[PDB]
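What follows is a single structure, written as structure tokens, with notes after it.
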Ligand SMILES: Cc1ncsc1-c1ccc([C@@H]2CCCCCCNC(=O)C[C@@H]3N=C(c4ccc(cc4)OCCCCCC(=O)N[C@@H](C(C)(C)C)C(=O)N4C[C@H](O)C[C@H]4C(=O)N2)c2c(sc(C)c2C)-n2c(C)nnc23)cc1
Ligand SMILES: [Cl-]
Ligand SMILES: [Cl-]
Ligand SMILES: [Cl-]
Ligand SMILES: [Cl-]
Ligand SMILES: [Cl-]
């Protein structure tokens with residue numbers, strides 16, 4: 001079980017890597033509703049999530065297991081899929097980052 | 001056009017600080033040089049802004065339609081933020097000429113169809129109608145950048 | 001900081017600057033250089049309250065907040081009439097006309 | 001250093017600094033006693049103009065926040081006409 005969380009932190013480490021920076025930068029920090037001028041975001045997204053928020057909970061040992069870690073990762077992507085139309089640029093970057101997550105999360 | 005933003009797609013965090021007593025209208029110059037308005041800023045308020053490196057920005061008074069200063073100059077360009085340090089854009093009031101400052105007061109108290117009704121020289125009727133705008137200030141800026 | 005004043009005696013108004021630390025006497029040196037009248041022939045007033053040469057402009061009530069360039073604070077001035085000092089008389093400025101109909 | 005006397009139409013004398021008065025192009029066109037007499041500018045308008053001279057010299061090339069120059073609606077037309085005639 002501790003093997004899982006160690007591998008989970010390693011998966012998130014690569015997600016922060018520069019090789020994925022071209023499309024993973026909008027999800028590094030929490031959604032800045034003030035900076036983006038988003039008024040309806042907090043109304044539509046009942047639970048926001050980003051990559052740094054995962055890092056703090058992972059280092060704070062708040063994830064009971066790996067499945068709980070993946071739920072926040074999936075929650076982070078879906079919020080982008082729920083709020084943004086499918087043709088927008090940010091949805092395309094969220095899919096290309098989720099492909100990085102799904103391919104290693106499957107190979108535990 | 002010459003004054004335009006570069007399509008760098010490189011993000012950079014910027015803070016818009018309104019140190020002016022009026023509502024500030026931030027204007028962004030796109031990649032074709034055209035001015036595009038952005039949400040306004042109440043006086044004495046600041047907010048984080050997501051922009052990109054090499055983009056043009058100019059700020060306008062929402063009441064007097066006159067231009068405002070940003071970091072003691074007319075134009076603002078976000079640089080690549082270093083060490084994750086935020087870039088500040090202090091929007092302050094300029095030192096208008098007394099004539100232009102007087103025009104700001106007379107325009108705000110008289111409907112444009114009553115300018116000629118006022119008892120002043122006819123040369124001031126034209127100046128009252130010569131309302132400030134981004135287009136006019138952009139033409140003057142480009143001429144200076146064209147010859148230099 | 002710096003204060004901005006309006007020294008008024010009758011129909012003469014002087015727009016000068018000084019400091020909260022500068023004394024009332026140093027202000028008389030300024031009036032001495034402009035009007036060719038030594039300090040002992042001058043009395044500085046502040047709306048009917050006489051000012052003493054040993055006090056600073058800040059202690060008199062002139063503040064950086066209340067003596068701004070766009071709205072300077074007025075300083076009364078009276079001159080010695082040979083024998084004695086004249087009464088402080090500050091002639092008021094003209095009055096604006098009635099506001100136009102189409103204004104406001 | 002040097003001061004200049006600006007006389008209004010109703011006999012009011014306004015002594016300001018030479019550099020400050022030169023903000024007016026009209027006054028600059030007249031000067032190098034050293035005094036300028038305006039027969040069409042009253043005292044309450046010429047006083048407000050001398051305040052603008054101090055306001056301009058102080059906050060030009062300034063790095064602080066610049067305050068708005070106050071203008072009463074009852075003198076907006078008269079102050080505009082003086083500003084247009086003085087080129088300041
Ligand atoms: C309130 C206020 N008061 C006074 S001024 C002001 C203000 C208002 C708005 C903005 C606006 C705000 C920005 C997105 C507004 C749309 C509404 N949807 C949303 O924000 C939903 C939101 N999507 C994104 C996102 C990410 C990447 C994208 C597209 C979307 O792909 C573009 C990559 C290359 C583009 C280069 C360019 O030059 N791009 C240009 C143009 C050509 C217009 C597109 C550009 O963007 N420019 C020009 C000038 O530099 C200003 C700036 C701008 O327009 N910024 C993000 C996140 S989290 C996060 C950190 C980001 C970033 N995320 C998540 C997880 N889920 N969803 C979302 C800025 C200031
Ligand atoms: Cl905040
Ligand atoms: Cl990869
Ligand atoms: Cl683009
Ligand atoms: Cl740069
Ligand atoms: Cl006596």
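Here are the numbers for the structure shown:
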item: Helix-only mean residue ellipticity at 222 nm for chain B, each DSSP H run of n ≥ 4 adding -39500 (n - 2.57), per residue, nearest 500; result: -6500 deg cm²/dmol
item: Euclidean distance of C-alpha centroids, the range A:32-108 and the range D:25-87, integer Å; result: 60 Å
item: Crossing angle, helix C:24-35 versus chain C [Cα axis fit, 0-90 degrees, rounded to tens]; result: 70 degrees
item: For chain B, the fraction of alpha-carbon pairs in successive 10 Å shells from zero, as %; result: 10, 36, 32, 15, 5, 1
item: Spin-label pair residue B:111/residue A:6, simplified geometry with 7 Å Cα→Cβ offset, distance in nm; result: 8.0 nm
item: Angle in degrees between helix B:134-147 and the longest Cα principal axis of chain B, rounded to the nearest 10; result: 70 degrees
item: Normalised contact order of chain C, rounded percent, pairs of Cα under 8 Å and 6 or more residues apart; result: 33 percent
item: Label point distance in nm, residue C:20-residue B:52, each placed 7 Å from Cα along Cα→Cβ; result: 5.0 nm
item: FRET efficiency, 1/(1 + (r/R0)^6) with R0 60 Å, evaluated for residue C:83 and residue B:73 via beta carbons; result: 0.50
item: Surface/4 estimate of mean projected area, convex hull on alpha-carbon atoms of the range D:3-86, nm²; result: 5.8 nm²
item: Computed E for residue B:122/residue B:65 - FRET, C-beta separation, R0 25 angstrom, nearest 0.05; result: 0.65
item: Calculated [θ] (222 nm, deg cm²/dmol) that DSSP helices of n ≥ 4 give over chain A, each run adding -39,500 (n - 2.57); result: -19500 deg cm²/dmol
item: DSSP beta bridges in the protein assembly as shown [antiparallel fraction, %, rounded to 5]; result: 75 percent
item: The range A:1-30 residues near the modelled residue A:64 label - backbone nitrogen below 12 Å, point 7 Å along Cα→Cβ; result: none
item: Listed residues B:82, B:24, B:14, most fluctuating in chain B (Gaussian network, C-alpha, under 10 Å); result: B:82
item: Cα long-axis angle, helix A:89-106 against chain A (0 to 90 degrees, to the nearest 10); result: 10 degrees
item: Hydrodynamic radius by Kirkwood, which averages 1/r over all alpha carbon pairs of the protein assembly as shown, in angstrom; result: 27.0 Å
item: Likely footprinting exposure, A:8, A:42, B:17, B:102, fewest C-beta neighbours within 10 Å first; result: A:42, B:17, A:8, B:102
item: Within a Gaussian network of chain A (alpha carbon springs, distance under 10 Å), most fluctuating of A:12, A:97, A:38; result: A:38
item: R0 of 30 Å, Cβ-Cβ distance residue B:146-residue A:91: FRET efficiency to nearest 0.05; result: 0.10
item: Cα-Cα P(r), chain C, percent of pairs per 5 Å interval; result: 3, 12, 22, 24, 16, 9, 5, 4, 3, 2, 0
item: Helical contribution to [θ] at 222 nm, DSSP H n ≥ 4, -39,500 (n - 2.57), averaged over chain D, rounded to 500; result: -12500 deg cm²/dmol
item: Highest-MSF residue in chain A out of A:33, A:91, A:73 [GNM, Cα springs under 10 Å]; result: A:33
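None of the figures in this text is laboratory data; all of them are computed from the coordinates on show. Virtual Cβ from ideal backbone geometry, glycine too; neighbours counted across all protein chains shown.
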